[PDB]
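Residues per chain, in single letters:
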Amino acid sequence: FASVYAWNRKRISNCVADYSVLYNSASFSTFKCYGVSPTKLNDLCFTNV
Amino acid sequence: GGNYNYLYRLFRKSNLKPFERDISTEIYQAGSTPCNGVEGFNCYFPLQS
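Asks: Can you explain the overall build of chain B? Please cite residues and give values.
Replies: Helices and strands together make up the secondary structure of chain B, namely 0 helices and 2 strands. Projecting the C-alpha coordinates of chain B onto the three principal axes gives extents of approximately 40 × 30 × 15 Å. Going through the 49 residues of chain B one by one, you find that 6% of them count as buried. For chain B, restricting intrachain contacts to residue pairs at least 6 apart in sequence, the fraction spanning at least 24 positions comes to 34%. For chain B, the distance from the average site of its 5 positive side-chain charges to the average site of its 4 negative ones is 7 Å.

Take a look at the structure:
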């Protein structure tokens, strides 16, 4: 990974991504999301990420 | 007035019927798969000051 002052930005589109397969993963120290329920992210369509 | 005597209730998934009295102050845990994949985690105390 890059440094904090030179972070890398990557573009994702035209994907079918599942967040439930990653929500249940316990390999994360913290996963909290602001204003969006992660459990319902499997039923949301966004323009780009 | 009480600095921390006024609190609100953080919860979801159980939309209540209009004019419903809820006093079950239980710390939100599931003890099943949809809480960090284990039992005892995501045990968040709903009442927030």
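Further notes follow.
Asks: How would you summarise the overall build of chain A if you had to cite specific residues and measurements?
Replies: Scanning chain A from N- to C-terminus turns up 1 helix and 0 strands. In terms of its C-alpha atoms, chain A occupies a principal-axis envelope of roughly 35 × 30 × 20 Å. Classification of the 49 residues of chain A by burial places 4% in the buried group. Working note: accessible area of chain A is about 5000 Å², and carbon and sulfur atoms make up 59% of it.

Asks: Account for the UniProt feature "disulfide bond" in chain B, with residues named and values stated.
Replies: Residue and element names in this part refer to chain B. With a threshold of 2.5 Å on the sulfur distance, the UniProt-listed cystine of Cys 35 and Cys 43 is not realised in this model, the gap reaching 8.8 Å. Secondary-structure assignment places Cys 35 in the loop between strand 1 (8–9) and strand 2 (47–48). Checked against the element boundaries, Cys 43 lands in the loop between strand 1 and strand 2.

Asks: Which residues make up a nonpolar patch on the surface, and what values do they have?
Replies: Taken together, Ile 12, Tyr 19, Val 36, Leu 44, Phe 46 and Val 49 of chain A make up a surface patch of nonpolar side chains, about 540 Å² in accessible area. Relative to the helices and strands, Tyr 19 of chain A resides in the segment before helix 1 (20–23).

Asks: Got a sec to walk through the packing of aromatic side chains? Specific residues and values, please.
Replies: In the structure shown here, the tally under the stated rule is 2 aromatic pairs over all chains. Ring geometry for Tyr 23 of chain A and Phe 31 of chain A: centres 6.2 Å apart, planes at 70°, overall edge-to-face.

Asks: Explain the pattern of salt bridges to me, and be specific about the residues and the numbers.
Replies: Residues and elements named next belong to chain A. Tallied over the entire structure, the rule returns 1 salt bridge over all chains. Taking the shortest distance from any N to any O, the salt bridge between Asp 43 and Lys 40 comes out at 2.4 Å. Look at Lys 40 and you get partly exposed, because its relative accessible area is 44%.

Asks: Give a detailed account of the environment of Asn 36 of chain B, specifying residues and quantitative values.
Replies: Take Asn 36 of chain B: it is sitting in the loop between strand 1 and strand 2. Sequence separation between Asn 36 of chain B and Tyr 6 of chain B is 30 residues, and the spatial gap between their C-alpha atoms is 30 Å. Setting aside residues no more than four positions away along its own chain, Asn 36 of chain B makes contact with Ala 26 of chain A together with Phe 41 and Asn 42 of chain B.

Asks: Kindly report on the state of the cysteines, identifying the contributing residues and their values.
Replies: Counted according to the given criterion, the structure contains 0 disulfides over all chains. No disulfide involves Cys 33 of chain A; its sulfur sits 17 Å from that of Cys 35 of chain B, the nearest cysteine. Using a relative accessible area of 34% as the deciding quantity, one classes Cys 33 of chain A as partly exposed. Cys 43 of chain B supplies the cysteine sulfur nearest to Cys 35 of chain B, a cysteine that is in no disulfide, at a spacing of 8.8 Å. Residue classification places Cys 35 of chain B among the buried positions, given a relative accessible area of 2%.

Conventions adopted
Residues numbered from 1 in each chain as written, not as in the entry; some residues may be left out. Chains lettered and ligands numbered in written order. Part of a larger assembly, values for the part shown. Heavy atoms only, no water. Helix = DSSP H or I, 4+ residues; strand = E, 2+ residues; numbered from the N terminus. Buried < 20%, exposed > 50% of the residue type's maximum accessible area, 1.4 Å probe, protein only. Contact = heavy atoms within 4.5 Å. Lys, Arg positive; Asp, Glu negative; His and termini not counted. Charge placed at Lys NZ, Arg CZ, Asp CG, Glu CD. Areas by Shrake-Rupley, 256 points an atom, 1.4 Å probe, with all protein chains shown as cover. Disulfide = S-S within 2.5 Å. UniProt positions renumbered as here; feature names shortened; annotations may be inferred. Patch = residues over 30% accessible without salt bridge, like charges linked within 9 Å, V, L, I, M, F, W, Y side chains within 5 Å. Salt bridge = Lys/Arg side-chain N within 4 Å of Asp/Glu carboxyl O. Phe/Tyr/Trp six-rings, centres within 6.5 Å; stacked < 30°, edge-to-face > 60°.

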